[PDB]
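Asks: I'd like to ask some things about the structure below.
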Ligand code: SF4
Ligand code: SF4
Ligand code: SF4
Ligand code: SF4
Ligand code: SF4
Ligand code: FES
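Residue numbers (the entry's author numbering), protein chains in the order written: chain 4, 26 to 409; chain 3, 1 to 55, 73 to 143, 148 to 777; chain 9, 62 to 181; chain 7, 3 to 129; chain W, 1 to 127; chain 6, 16 to 64, 70 to 181; chain 5, 1 to 196.
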């Protein structure tokens, strides 16, 4: 029976196509087939200003978008040698981690539904709604928020964001525990997930499975730790880990990651005092809007910046970052033009997938669904 | 070559080099306002300032790299902290009094100020200090704004940075000081007491201005610089075929600009070329018409092909006339030629065909006219072949083609000094009136129509000319390598043309032949001229005809079947024509032309709104079906195969083609048609008044025919009836009437009358 | 500024007698293809006069593609509604109620009237 | 001081006078420029009595014979000036409180201005 | 690549196309309909490029309701592609200005541009 | 019989359908996750089927890749007949911000669109507006800007084939 | 420490070394030594194969040795047996008229999909691969999309009355080989970098 699990049906999530080579109730090998979401950013973006690209960055991993935003912003800033303000950096860690909580909330919502049953999608959705309301409050958008800038960030935080982040930072510890309460003591799930989904660290390394589905099999590698960037270097930081990589452990690890993320939120929230928000170098940052009515240089630079944009030095650059899906980063070749010569995006979700024909090899069929949800893909990242 | 080192790199570079050019030649850069390609550098805006060494021995004060000569083994510094600081400084001085118009400015995306400011400006002082754009916190210079200088040109005195580029240009290149600065200090400004902006070259200053002070009124407030689809093409309005750029956005022609092509036109266009674009996107015919009930009806291409099969069903193949446009593509000329080979016919011709083929004479290159020892001129360069005026302005000042750098043409040519002295002894000019250029012609003479032939005879030496013509003879004698320039009167009269051909053959001397037809020499070269029987473009000879222009009414009158392929709709056709069809302008065409210098030029198509228009290639191909013949060409590419087989060179290649045959025609002197720059089909919009017809007569004979100084007189020519303001001129020969030949009908002598 | 190239502006010259904007220049056409539009607000952010500023309406779902390319006169501060909303409210004659409320409107939107909070 | 405000009000005043001389003689007046600090003022507040920075009187040919301007709301050493094109003629109006609008120590009345404008038209104006 | 037909003349073009296809089986061919303007099919014009895979064929913009009796011609065109077993229909959107220039380009270039821009489409909309 | 030909009966069934409008979601990109919000608030809709067979309304939510088009084609064809198509977001409706080789520049190419819903992503409540549209559209209560009343089902208008 | 042992090895064998002061480091091996040297690289202790990034330099303002160039990213995981944290790029240039290159599939199974992508988007064929099938671009897509000679494939954005925009004719932004809209570009617009 080479069973053909289709592109979008039946609930093989996110438009993947799977040729499950399978006789009986097991799984021989799944021959994965992708490419159904291929939008072609790496080409499109060669045709957009470095500013213009910041609208295309959130759009690939749309769950943890700000990791895209962060990675790209950073690689460019590096390449043009820009200096990001501390409060902007702090906000960027807050947003990154908040967007992470959003993404994770989604991952376990879908996971619990995928095999097993319906109810807990909703509570995760409630907390996610409080997070999305936070994002709307600060960026005016739910996601794909055009906020981060090569200098820094688009504008400052409104009065109302701080109070609301606390509210969710208050319920979440009790809240994350409630999700945990159901799961860690897994009723059926234990006899459903504990055995399934085999991950040898050596093959994870051989096939290159980086993304936090790696630490669930007992390899300790986090980009916020191993290659620190935005001042994660300076936080009280716990990295959850798994024993032997199954479905269950992956699944709980990310839940621990949620309270630790919340602890980073609280921690960063503590260290935040008033100041400016983006690198004032006019080559890098469009002028203050108020003096467009006074200065010649202002107007010239405004016009120029928003039409042509800016030209970074000839050079190639890359910086690594941590998403809720793993190693993410932008490989930016600039030719000294207003638009990048080329942007190849290192897609965590793309390399992470070489280990599914491995992962679900010999597993069950009902489980072959669960074992997919447990690997947490996002296809925008994959196809791309 | 002189050995120079700029920053980290070394360059070979010829001795008279501008330091600026040696800079850019090394692949570096430096702010540039006052200096301009083909203009005298004068360290004026003082932007180009760099450092120079001469042994490590640095000079005390900075060299303007634009006005500094280069010396052997010289060093040039452009990136030093102190240099960049100084550059930023001059930029700040320039920005000091400026208006604040970028969003609302037509100079939009491409402003030498905007770009230089964003390149070199705000030097890095030493952290995330909060810095200031602007130091000066006082009131700016405020003057007159948005002031029309001419129907074609608008002036903002606030934007002007007082580089010298426009005034400099006016004195040096066209030679009409219709522009200069007024007061002094910071109060200085551009104005004119010659109000019209008289020169027919006035619009180039719009291109030159590093800022938006001088802008192009015909294209004011249309789209922003980036927003246009820009179609590089060549201008088919006359035989010199300047490079242009046809800006169109959403199907309509916004703006024509100069395309630099140093071999022929340099960085310059003529006013008629550039502002005379009003009509091409304006009022034009978008469907085929047929005659049904004594009148015309809008029809399918199909129904008109039925009509076309029908009208030619009864027709024998030698009764058909084949007639093309003065601007017809080499592909169109060639396919028409091959189809009339196939379909045996004695009469095919083109609109500006001259009694004597421009092929009689060896084509001369422009730079040949730079190198020549003498220039003998008969005809008017300004009106017949307009930018020739400007190359003769180079010729006269002894200028010669520059050494070619890595950034190409030099930015500050050390060779052009400001306010240059002009030789009057290098050329002799003979025109039917006192020509504009007669200023620079020591040997110069106002003759009358059809008198060319006798000057030319005098030059051959078969008789004795006036004081002037003997001086001219003698100077062309002593001329070691002269060029002979010949107009309509020369080329439109067999004998004159032959004497030219003769004189210019005897002394090995090339010719620049100004045809009333643009693609004349190439269309000749594709073999489109009348045959034995000989109905010519203006002759009512054929029984059935195809016409790519609008003929004398005396030609149409009589014919059995007539089919016209136009762009706009003519009144002369709805009373005489059986089938009309849409054609693209040259702006929107694709195909080749041959220069009066023998060079082949590309027409790319502009995304103008053609409607359902089609190139003549397709039309001819389709007209051959109703007649039985299957055509060799259909499309542009196959046309390229057959052209290439026909051995027409690569574009920018010269095509060598001589010819020894004349078709003479008597010329009936009552009225002369003054060859004019402005073309008849161009009088729309602001080109409305400028392309007006004129009738010139000597005030005495004017008085005799009762013709007052301001009057719009009705005139009839065999070429149709035209109204013309009446201008009195004392350099015009008595007893003649010059009527503006706003077509390629120029230089013809005709019967006619001033109707009342 | 537009990454989706969704904004078409045909420009124009102010009439001295009866002016439109504060310069010598104003916008003869302003079209935005909502279907092309990605909603960055890079347009607003690029805008020098604080002319173009994204609003509050979301009830713009409509049946026809070309009904979705909004013009200037559908976007001015005085207008209350989206296209299908307003069109329903005319074909009904029952006034528009937007399905939203805000604590207040931004300083940049000044003049834009909305249902707010308990400010009303 | 708040002399600034009375200055802008007086500037409006001078503009009014220009408009009048314009209609009177059947010779063109032109509003040349508005305030960047109004145009490019976005949400930012604007209290000034008009939004107009630069104006002129042009002849038949549109070449101005008289020019007049006031400082932007935000500039140091605020003045209102007059200039006669081509004639090298520059005048500086201040405002002394209680007295009125003055050029240095000399009062600038409407009349003085009308005379200056007529001399201007008759001399300088081409048509 | 071959080029047949002429711009804006529906019935002649249809008759010629019918002539040129023959007994060719189209099961592995790809059919590209080149048009300007996504939304309005009512005033649309259509050109067609057929990539058979063993050779290519161009028709200019002679099809659609834009020209008289043109709609019935486009409809019968698509019907006829469908009968020979053509399945894969694509829609390509060009600027009106492009349409003339596009078909005057050399075969290879025009074909790569067309395959790059073309959108998979239901054959039914042209019926 | 398609819901038609008694003034009482057709209106009755037409409400039946409009209020019953049974979305069959066809998720693509981020737009699909923006419809998973819509699932929460919902109240004629959000029971699925999910299986195409069982549903009238097809919701195209996300960028539709060119390689993905023939698939969505059959899913639409493999729906029962009285069926409607909602097009969600810029990528679907027009080509969106990705104007290129990869993506269908209007989904209306492959499936007959009933209702379009702009935004990137559109707020969920806009999609409610669109299903109220389509609700009230199949009631035959819907008009365009030209003055015309709109048909209950588009794809009662394409030629199948 | 494992990185030092790589650079020290490359200097002796005449392998050129690229460095930007941003903290990114390359090592370019010739085609010959590539397969074996990199085998030695996994053998050198390199756990993880991060990337295969294909580059088409056709439109890059300066020339490079060959048109296409591929970069592999080799690492040794820091939380493993004895992980340095040593990560680095290995670049290999590839001829235009010869899109060959050995897979490291034997070595890393990471090499499996990534090398396939680089095959799909650029014409580059990877030797010894278990399966080189087209990955991303539509089945019937002809050619290789992300290489510069291949059209981005834009469609006009559409407005009301005959009004269109052609993005590529609308673009304000300039590329590296773009002149700009004045006579030339100098300064910041020929490339800029702030100094920290
Ligand atoms: S001249 Fe140049 S700098 Fe001045 S307003 Fe115009 S575009 Fe701006
Ligand atoms: S008007 Fe323009 S070209 Fe003439 S001097 Fe002023 S800035 Fe130079
Ligand atoms: S000189 Fe002749 S070819 Fe040049 S722009 Fe003028 S009319 Fe055209
Ligand atoms: S929000 Fe503005 S800049 Fe962004 S896509 Fe829409 S119109 Fe363009
Ligand atoms: S319209 Fe925006 S939110 Fe929807 S799929 Fe496209 S990028 Fe994602
Ligand atoms: S001083 Fe003007 S460029 Fe040399």
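Think of the CB as a built atom: it goes at the ideal place given N, C-alpha and C, for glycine as much as any other residue.
Starting from the Cα of residue 36 (chain 6), find the closest Cα among 148 (chain 6), 97 (chain 6), 167 (chain 6) and give me that residue.
Replies: Among 148 (chain 6), 97 (chain 6), 167 (chain 6), the Cα nearest to that of residue 36 (chain 6) belongs to 148 (chain 6).
Asks: Name the two residues that bound the continuous beta strand (DSSP E) containing residue 265 (chain 3).
Replies: First-last of the beta strand (DSSP E) with residue 265 (chain 3): 264-270.
Asks: Would you list the one or two residues that DSSP bridges to residue 73 (chain 4)?
Replies: Per DSSP, none; premise fails for residue 73 (chain 4).
Asks: Who are the neighbours of residue 126 (chain 3) on chain 4, taking C-beta pairs under 9 Å?
Replies: Correct list: 328, 329, 332, 333.
Asks: Is any beta-carbon of chain 6 found at less than 8 Å from that of residue 144 (chain 9)?
Replies: By this cut-off, residue 144 (chain 9) is an interface position.
Asks: What number of angstroms, rounded off, separates the C-alpha of residue 172 (chain 6) from the C-alpha of residue 160 (chain 4)?
Replies: Taking the straight line joining both Cα atoms gives about 38 Å.
Asks: Quick one: measure Cβ to Cβ for residue 246 (chain 3) and residue 181 (chain 5), integer angstroms, because I've assumed they're closer than 8 Å.
Replies: Between residue 181 (chain 5) and residue 246 (chain 3) the Cβ distance is about 6 Å, and since that is below 8 Å, they are a contact.
Asks: State the Cα-Cα distance for the pair residue 331 (chain 3) and residue 647 (chain 3), rounded to the nearest angstrom.
Replies: Computed Cα separation, rounded: 8 Å.
Asks: Does the Cβ-Cβ distance between residue 689 (chain 3) and residue 770 (chain 3) come in under 8 Å?
Replies: Cβ atoms of residue 689 (chain 3) and residue 770 (chain 3): closer than 8 Å.
Asks: Nearest-angstrom Cα distance between residue 469 (chain 3) and residue 454 (chain 3)?
Replies: Rounded to whole angstroms, residue 469 (chain 3) to residue 454 (chain 3) spans 7 Å at the Cα level.
Asks: Got a sec? Which residues, its chain only, sit under 6 Å from residue 739 (chain 3) by beta carbon, not counting five neighbours each side?
Replies: 573, 575, 771, listed in sequence order.
Asks: With 16 other CB atoms within 10 Å as the buried threshold, where does residue 18 (chain 7) fall?
Replies: The residue in question, residue 18 (chain 7), is exposed, as its Cβ has fewer than 16 Cβ neighbours within 10 Å.
Asks: Could you check where the alpha helix (DSSP H) with residue 62 (chain 6) kicks off and where it finishes?
Replies: Premise fails: residue 62 (chain 6) is in no alpha helix (DSSP H) and is neither H nor E.
Asks: Considering only heavy atoms of ligand 4, does any lie closer than 7 Å to the CB of residue 100 (chain 9)?
Replies: Yes, ligand 4 has a heavy atom inside 7 Å of this Cβ.
Asks: Closest by CA to residue 679 (chain 3), which one among 531 (chain 3), 99 (chain 3), 176 (chain 3), 538 (chain 3)?
Replies: Out of 531 (chain 3), 99 (chain 3), 176 (chain 3), 538 (chain 3), 531 (chain 3) has the C-alpha closest to the C-alpha of residue 679 (chain 3).
Asks: Give me every residue whose Cβ sits closer than 5 Å to any heavy atom of ligand 8, in chain order.
Replies: Ligands displayed in this structure: ligand 1, ligand 2, ligand 3, ligand 4, ligand 5 and ligand 6; ligand 8 is not among them.
Asks: Output the boundary residues of the beta strand (DSSP E) element that contains residue 364 (chain 4).
Replies: Looking at the DSSP string, residue 364 (chain 4) is not in any beta strand (DSSP E), and its letter there is neither H nor E.
Asks: On the CB-based measure, 16 or more other CB atoms within 10 Å of its CB, does residue 58 (chain 5) come out buried or exposed?
Replies: It counts as exposed.
Asks: Inspect the beta-carbon positions of residue 480 (chain 3) and residue 494 (chain 3) and report whether they are closer than 8 Å.
Replies: Taking 8 Å as the Cβ cut-off, residue 480 (chain 3) and residue 494 (chain 3) qualify as a contacting pair.
Asks: Return the CA-CA distance between residue 103 (chain 6) and residue 33 (chain 6), expressed in angstroms with no decimal places.
Replies: If I take the Cα positions, the gap works out to 11 Å.
Asks: Going along the region 86-108 of chain W in order, which residues come within less than 7 Å of chain 6, judged by CB to CB distance?
Replies: The residues in question are 91, 93.
Asks: Give me whichever residues DSSP pairs with residue 42 (chain 6) in a beta bridge.
Replies: According to DSSP, which records beta bridges pairwise, residue 42 (chain 6) is partnered with 81 (chain 6).
Asks: Check distances from the C-beta atoms of the region 408-441 of chain 3 to those of chain 5 and list, in chain order, the residues that come in under 7 Å.
Replies: So the list reads 428, given in the order they occur along the chain.
Asks: Considering only the beta carbon of each residue, do residue 118 (chain W) and residue 32 (chain W) sit closer than 8 Å?
Replies: For residue 118 (chain W) and residue 32 (chain W), yes; Cβs fall inside 8 Å.
Asks: For ligand 6, is there a heavy atom less than 7 Å away from the beta-carbon of residue 89 (chain W)?
Replies: For ligand 6, not one heavy atom lies less than 7 Å from the Cβ of residue 89 (chain W).
Asks: Is the beta carbon of residue 318 (chain 3) less than 8 Å from the beta carbon of residue 566 (chain 3)?
Replies: Not closer than 8 Å, so no.
Asks: Ligand 5 and residue 141 (chain 6): does the residue's C-beta get closer than 7 Å to at least one heavy atom of that ligand?
Replies: Correct: residue 141 (chain 6) has its Cβ closer than 7 Å to ligand 5.
Asks: Residue 52 (chain 5) by DSSP, collapsed to three states: which one?
Replies: Three-state result, residue 52 (chain 5): strand.
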